[PDB]
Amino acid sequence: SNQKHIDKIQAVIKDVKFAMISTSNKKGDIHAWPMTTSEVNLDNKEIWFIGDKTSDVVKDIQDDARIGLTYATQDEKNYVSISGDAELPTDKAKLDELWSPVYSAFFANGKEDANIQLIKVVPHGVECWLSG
């Protein structure tokens, strides 16, 4: 929570295509979904995703903001587990910053699309197993 391998961890996260974000539902069960990380700044304690308001992950976060992210590199040599609190902000300014031509495709009404939901993860702990 207050120390570093941050350099290499952020390196590992930029390398991995999909985070597995795990959440707990009203019955307390854990489920995960793969998602592409839009931004990772560990010094500012911020991991950002662009989600859908209709998604299960957003549904679960609305009742329980305590989430987990995990990242595995394709060489199977590096793993990261983050424990964090997920927020559901509306921030046009921020959405603009995170926007790509990928998203302009799969969101019928672009940056004004009602289904867009930014997810801000504020990590409070990070464990990792790096090689080597």
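The first residue of the sequence shown is number 1, and the count goes up from there.
Just going by the entry, 42-50 versus 98-106 on mean CA temperature factor gives the higher value to 98-106. Split the chain's modelled residues into thirds by C-alpha temperature factor. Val16 is in the middle one.
Split the chain's modelled residues into thirds by C-alpha temperature factor. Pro34 is in the middle one. Remark: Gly84 belongs to the middle third of its chain, ranked by C-alpha B-factor as recorded. Among the modelled residues of its chain, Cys128 has a C-alpha B-factor that falls in the lowest third, as given in the PDB entry. Split the chain's modelled residues into thirds by C-alpha temperature factor. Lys27 is in the highest one.
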